[PDB]
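*Asks:* Experimental structure and sequence below, a few questions after.
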Amino acid sequence: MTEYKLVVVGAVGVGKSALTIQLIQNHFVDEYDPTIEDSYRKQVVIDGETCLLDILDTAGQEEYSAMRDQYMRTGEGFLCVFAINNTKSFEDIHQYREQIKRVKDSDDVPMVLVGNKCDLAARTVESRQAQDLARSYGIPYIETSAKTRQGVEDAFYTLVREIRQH
Ligand SMILES: Nc1nc2c(ncn2[C@@H]2O[C@H](COP(=O)(O)OP(=O)(O)O)[C@@H](O)[C@H]2O)c(=O)[nH]1
Ligand SMILES: [Ca+2]
Ligand SMILES: [Mg+2]
Ligand SMILES: [Mg+2]
């Protein structure tokens with residue numbers, strides 16, 4: 001069975017854990033320990049292919065585990081997440097991308113830019129702003145809501161499809 005190693009990165013509070021838990025449990029967690037970092041597994045069929053997603057939900061910027069290092073080095077694709085009502089998290093994307101490019105020694109790394117919490121009113125980051133950032137990286141942009149599930153499968157499945165074009 002094909003396995004796809006995905007890593008979810010982005011600022012604290014953007015909904016990395018909520019997105020991951022939504023994908024695996026079909027539930028929205030209103031609070032989830034911000035320090036728990038763990039990998040999760042999900043068997044899924046994507047475009048007629050039965051495959052396994054191996055997803056590290058990264059947490060914190062304390063000194064990385066061997067596992068986090070391993071996932072950064074061996075991860076095949078990255079979900080770079082900000083929240084549409086969190087301008088700083090969006091501005092921080094640059095750093096997460098620079099980090100990924102550094103670890104992969106490449107500017108050609110499967111990656112999807114995710115604008116999460118799209119169920120909330122009065123966003124401070126416009127869709128077009130994020131579209132422009134993603135375009136500058138040569139990557140897709142997808143809006144999601146871990147709360148309503150909108151876009152959540154599309155974000156993870158698009159990243160699989162990006163890995164397959166690699
Ligand atoms: N309204 C809304 N809240 C969200 C969404 N995703 C995450 N949250 C909330 O934002 C906070 C941070 O989420 P969490 O998954 O811990 O963020 P993490 O630090 O990136 O792992 C929690 O209170 C979540 O309930 C979403 O799509 N919509
Ligand atoms: Ca503005
Ligand atoms: Mg978390
Ligand atoms: Mg390097």
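*Replies:* Looks like it arrived, so ask away. Numbering: from 1, shown residues only. Ligands and ions are numbered 1, 2, ... in the order given.
*Asks:* Can you say which helix or strand has the residue most central in space within the chain in it?
*Replies:* Nearest to the geometric centre of the chain sits residue 79, at 2.2 Å (Cα atoms, centre = their mean). For residue 79, the host element (DSSP states H and E) is strand 77-83.
*Asks:* can you list contacts of that strand?
*Replies:* By Cβ atoms under 8 Å, 6 or more residues apart in numbering, the residues outside strand 77-83 that reach it are 4-11, 13-16, 19, 89-90, 92-93, 96-97, 100, 109-117, 125, 130, 155-156, 159-160, 162-163. Backbone N, C-alpha and C define where each C-beta goes, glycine included.
*Asks:* what's near enough to touch the residue in the chain positioned nearest to ligand 4?
*Replies:* Ligand 4 sits closest to residue 105 of the chain, with a gap of 4.2 Å, by Cβ to the ion. Residues near residue 105 by Cβ under 8 Å, 6+ apart: none.
*Asks:* what about it, distance to ligand 1?
*Replies:* Here residue 105 is placed at a distance of 26 Å from ligand 1 (Cβ to the nearest ligand atom, to the nearest Å).
*Asks:* how close does that residue get to residue 139?
*Replies:* Here residue 105 is placed at a distance of 18 Å from residue 139 (Cβ to Cβ, to the nearest Å).
*Asks:* Repeat that for residue 85.
*Replies:* For residue 85, the distance to residue 139 equals 22 Å [Cβ to Cβ].
*Asks:* Go ahead and report the secondary structure state at residue 44.
*Replies:* Here residue 44 is recorded as strand under DSSP: H, G, I helix; E, B strand; the rest coil.
*Asks:* what does this protein put close to ligand 1?
*Replies:* By Cβ under 6 Å from any ligand atom, the residues of the chain that approach ligand 1 are 12-18, 29-32, 34, 116-117, 119-120, 145-147.
*Asks:* just to revisit the earlier point, is ligand 3 contacted by the strand holding residue 79?
*Replies:* No. Residues of strand 77-83 are not located near ligand 3 by Cβ under 5 Å from the ion, the shortest gap being 10.1 Å.
*Asks:* Just list the residues touching the residue of the chain found nearest ligand 1, thanks.
*Replies:* Per Cβ to the nearest ligand atom, residue 15 is where the chain lies closest to ligand 1, at 2.7 Å. If you count contacts by Cβ under 8 Å, 6+ apart, residue 15 has them with 81, 83, 116, 117, 144, 146.
*Asks:* Compile these into a markdown table and extend it with columns for distance to ligand 4 and neighbour count.
*Replies:* Formatted as a markdown table, those follow (distance: Cβ to the ion, whole Å; neighbours: other Cβ atoms under 10 Å):
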| residue | distance to ligand 4 | neighbour count |
| --- | --- | --- |
| 81 | 23 | 28 |
| 83 | 29 | 24 |
| 116 | 28 | 31 |
| 117 | 32 | 23 |
| 144 | 30 | 30 |
| 146 | 32 | 28 |
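*Asks:* No further queries at this time; thank you.
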